[PDB]
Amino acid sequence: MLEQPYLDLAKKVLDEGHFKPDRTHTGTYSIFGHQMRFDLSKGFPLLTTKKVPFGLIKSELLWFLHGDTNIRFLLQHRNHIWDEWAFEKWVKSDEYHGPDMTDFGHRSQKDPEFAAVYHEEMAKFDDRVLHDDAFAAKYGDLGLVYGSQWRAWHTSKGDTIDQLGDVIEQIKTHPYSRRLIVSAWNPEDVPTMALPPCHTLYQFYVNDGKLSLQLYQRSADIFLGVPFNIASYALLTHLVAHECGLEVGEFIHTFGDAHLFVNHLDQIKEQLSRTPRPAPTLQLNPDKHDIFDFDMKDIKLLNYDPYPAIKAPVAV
C-alpha cells in the first residue's frame, strides 16, 4: 500500500536504530541515510494509519509559496505551527513586561499551572499579531523561513532571487535540465538561526511528461514531523506539475538523520498494528494555473478515511 515505505522506516528505526542522546535531554533511536519513494500516480501519500490534518499542511505550503514570512497569515487560517518562534522573540525583547517565560518549552510540561500562564501570554500574542499592524510587522515576521529562502534569497549585492519562480521557468523551457534545484541552506545565516532548515534542498526531474521531486531532509522526527513533511512535498510536486502542464511522477524522500524520540515508542508500536486503507485523491482547480496565486479552496483532498489520531508529547 502507498504508505508502506513510511511504516517500513518506523520498523527500521525500531529494530536497527542507535540510541543517541541529542540537543535536549529527550533520547532518540537514530539512523543515518535512508531513501523512500511514493508513486504519486497511485494516490496522495497522506497517512491513512493515523489522522493527519491536511488543512494545516495546505495553509503552511501556500504561505511558503506566497514568499510570506509573517505568522499573521497562518493565524488567519488557524494554523499555529510557527507561533513559538515568533513568541520567543516577543518575550526576549524590551517591550515585554510579563511572567519571565525563560525555557518555556520544558516548563510547559513540568508545571500544569505555568502551562496556563504560558497559554495565556500566547493567546494575547496571537491576538495582537492579528489586530495590530505595527506589532505584526515587528514580531509576526520571522525573517529567515522557507518563504524568503525559496522566493527572496538575499544576494551579496543587496537584491533578491526568486529561486523557485526561476526553476519553474527552467522546467517549462529546459525540462531535461539536471540543475532544477532549490536550496534553503545559506551558510552565512545558518550559525545564527534558531532552526537551520530541516528541509535542506530539493531537485526536480522530468521525463516522459512526468515531474518528480527529491527532498534532502537533514533531520526528521519520524513520529510527529515526517507524516507532515511527506504530504507537504508531495503537494508541492502536484502544484508545480499543474503549473507546468505535466503529469506527476514520484516523490523521493531522502534522509540524513531520521530519529524516533524515546517518548514516542508506544505510540509508533500501536500505529504499526494498523492496516493501511486506500489512499486519498488530490484534486486541483482545473481553471486556475498560477500556483503563486493559489488559495485554500484551490486544493481538495478526496476519500481520506483515516484511523484515529494518536496523541504524543512534543520533545523538549
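Numbering starts at 1 and runs along the sequence shown.
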Item to check | 212-220 versus 110-118 - which carries the larger mean C-alpha B factor in the record | outcome: 110-118
Item to check | Mean Cα B-factor comparison, 77-85 or 224-232, giving the higher one as deposited | outcome: 77-85
Next on the checklist: Between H289, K269, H66, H34, which one tops the list for Cα B-factor in this entry?
Outcome noted: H289
Checklist entry - Checking the entry, which one of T26, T48, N70, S273 has the top C-alpha B factor? => result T26
Checklist entry - If you rank the chain by CA B-factor, which third does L130 end up in: lowest, middle or highest? => result highest
Checklist entry - Comparing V316 with the other modelled residues of its chain, is its CA B-factor in the lowest, middle or highest third? => result highest
Next on the checklist: Split into thirds by Cα B-factor across the chain's modelled residues, where does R151 land: lowest, middle or highest?
Outcome noted: lowest
Item to check | Modelled-residue ranking by C-alpha temperature factor, third containing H242 | outcome: middle
Checklist entry - In terms of the CA temperature factor given in the entry, to which third of its chain does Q170 belong: lowest, middle or highest? => result middle
